[PDB]
Structure formats: C-alpha cells, structure tokens
Amino acid sequence: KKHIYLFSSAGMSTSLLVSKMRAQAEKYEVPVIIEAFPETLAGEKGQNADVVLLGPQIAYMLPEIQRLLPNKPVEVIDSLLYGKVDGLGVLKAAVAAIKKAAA
C-alpha cells in the first residue's frame, strides 16, 4: 500500500478531497493510504510518503519542499481538479506520479 500525503494550508477543502479520493480508491481497489496534513508537517510527514502532493494555495512552496525531500516525487495538485473536489482525477495524478517515478 502506497502512501499519498496531501499538504495544504486549507484544512477543510483538503480533508474533503481526501475523503472523496478514499472512496474512489475503494471503488477501484487501488492499494493506497491517503492522509491530509498542514504544510508545517511537510518535512516531518513527507519522509514517509510515497508521493507528496501540495495544495494549490501552497504552490509557491514547491522548490522548498523539493529540497527538503530530494528522494520523493513532489507535485502540486491541479487547481481545477482541486476546486471541483475530483477524487478520481487527483487519485489518478498521484498514481501516475508514482509510476513515472519508479521508471
């Protein structure tokens, strides 16, 4: 089971996106664990993630988080997918980042 961790300053919308992603992962039997955390834990919690996703509110922090976790794929969630709360779409982007990372 791969760990997908989302980091954002917007607690509610991120947690709502996480609940929809979990529903989708269950529907299609994707072996993943999805958790949302505040941006302050990106360095502490990120070390255990298989893929690190940043909420669009903290996109400007991408370079810093990449330097903090040089051995993890880190990327920003598409703002439209995020605003629309597209659990399936974001789940797809996360699995993709993992695949593109393992090869």
# chains A, B, ... in the order shown; residues from 1 in each chain; ligands from 1
>>> select_by_dssp(residues="chain A", states="helix (DSSP H, G or I)", output="JSON, numbers by chain")
{"A": [11, 12, 13, 14, 15, 16, 17, 18, 19, 20, 21, 22, 23, 24, 25, 26, 27, 39, 40, 41, 42, 43, 44, 45, 46, 47, 48, 56, 57, 58, 59, 60, 61, 62, 63, 64, 65, 66, 67, 68, 79, 80, 81, 82, 83, 87, 88, 89, 90, 91, 92, 93, 94, 95, 96, 97, 98, 99, 100, 101, 102]}
>>> residues_around(residues="residue 69 (chain A)", least_positions_apart="4", cutoff="9 Å", atoms="only C-alpha atoms", output="PyMOL selection string")
chain A and resi 42-43+46-47+64-65+73-74
>>> residues_around(residues="residue 88 (chain A)", least_positions_apart="5", cutoff="8 Å", atoms="only C-alpha atoms", output="JSON, numbers by chain")
{"A": [20, 21, 24, 25]}
>>> residues_around(residues="residue 75 (chain A)", least_positions_apart="6", cutoff="10 Å", atoms="only C-alpha atoms", output="count of residues only")
15
>>> residues_around(residues="residue 96 (chain A)", least_positions_apart="4", cutoff="12 Å", atoms="only C-alpha atoms", output="list in words")
residues 4, 50, 51, 73, 74, 75, 89, 90, 91, 92, 100, 101, 102 and 103 of chain A
>>> atom_distance(atom1="CA of residue 19 (chain A)", atom2="CA of residue 70 (chain A)")
28.0 Å
>>> residues_around(residues="region 35-37 of chain A", least_positions_apart="3", cutoff="9 Å", atoms="only C-alpha atoms", output="CSV table (one decimal) with N, CA, C and O atoms, in the first residue's frame")
chain,number,residue,atom,x,y,z
A,3,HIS,N,1.6,5.3,0.2
A,3,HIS,CA,1.2,6.5,1.0
A,3,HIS,C,1.1,7.7,0.2
A,3,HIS,O,2.2,8.2,-0.3
A,4,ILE,N,-0.1,8.3,0.0
A,4,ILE,CA,-0.3,9.5,-0.7
A,4,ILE,C,-0.6,10.6,0.4
A,4,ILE,O,-1.6,10.5,1.1
A,5,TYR,N,0.3,11.5,0.6
A,5,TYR,CA,0.1,12.6,1.6
A,5,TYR,C,-0.1,13.9,0.9
A,5,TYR,O,0.7,14.3,0.1
A,6,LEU,N,-1.2,14.6,1.3
A,6,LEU,CA,-1.6,15.9,0.8
A,6,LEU,C,-1.2,17.0,1.9
A,6,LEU,O,-1.5,16.7,3.0
A,7,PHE,N,-0.6,18.1,1.5
A,7,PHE,CA,-0.2,19.1,2.4
A,7,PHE,C,-0.8,20.4,2.0
A,7,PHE,O,-0.6,20.8,0.8
A,8,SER,N,-1.5,21.1,2.8
A,8,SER,CA,-2.2,22.4,2.5
A,8,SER,C,-2.4,23.3,3.7
A,8,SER,O,-2.5,22.8,4.8
A,9,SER,N,-2.6,24.6,3.4
A,9,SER,CA,-3.0,25.5,4.5
A,9,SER,C,-4.5,25.6,4.6
A,9,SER,O,-5.0,26.0,5.6
A,11,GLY,N,-7.2,23.5,5.4
A,11,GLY,CA,-7.7,22.2,6.0
A,11,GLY,C,-9.0,21.6,5.6
A,11,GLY,O,-8.9,20.4,5.2
A,14,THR,N,-9.1,20.4,1.7
A,14,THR,CA,-8.2,19.3,1.5
A,14,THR,C,-8.7,18.0,2.1
A,14,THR,O,-8.7,17.0,1.5
A,15,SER,N,-9.3,18.1,3.4
A,15,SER,CA,-9.9,16.9,4.0
A,15,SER,C,-11.1,16.4,3.2
A,15,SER,O,-11.3,15.2,3.2
A,17,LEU,N,-11.4,16.6,0.0
A,17,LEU,CA,-10.8,16.0,-1.2
A,17,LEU,C,-10.3,14.6,-0.8
A,17,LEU,O,-10.5,13.6,-1.6
A,18,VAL,N,-9.6,14.5,0.3
A,18,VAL,CA,-9.1,13.2,0.8
A,18,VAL,C,-10.2,12.2,1.0
A,18,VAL,O,-10.1,11.0,0.5
A,40,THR,N,2.9,22.7,7.6
A,40,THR,CA,4.0,22.7,8.6
A,40,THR,C,4.7,21.3,8.9
A,40,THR,O,5.8,21.2,9.4
A,41,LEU,N,3.9,20.2,8.5
A,41,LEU,CA,4.5,18.9,8.7
A,41,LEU,C,5.1,18.3,7.4
A,41,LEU,O,5.4,17.1,7.4
A,42,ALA,N,5.1,19.0,6.3
A,42,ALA,CA,5.7,18.5,5.0
A,42,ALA,C,7.0,17.9,5.1
A,42,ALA,O,7.2,16.8,4.5
A,45,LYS,N,6.3,14.6,8.0
A,45,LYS,CA,5.5,13.5,7.5
A,45,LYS,C,5.9,13.1,6.1
A,45,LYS,O,5.7,11.9,5.7
>>> closest_residue(among="A:76, A:87, A:82, A:61", to="residue 26 (chain A)", atoms="only C-alpha atoms")
A:87
>>> atom_distance(atom1="CA of residue 84 (chain A)", atom2="CA of residue 12 (chain A)")
13.7 Å
>>> closest_residue(among="A:68, A:77, A:58, A:23", to="residue 44 (chain A)", atoms="only C-alpha atoms")
A:68
>>> closest_residue(among="A:48, A:98, A:86, A:28", to="residue 16 (chain A)", atoms="only C-alpha atoms")
A:86
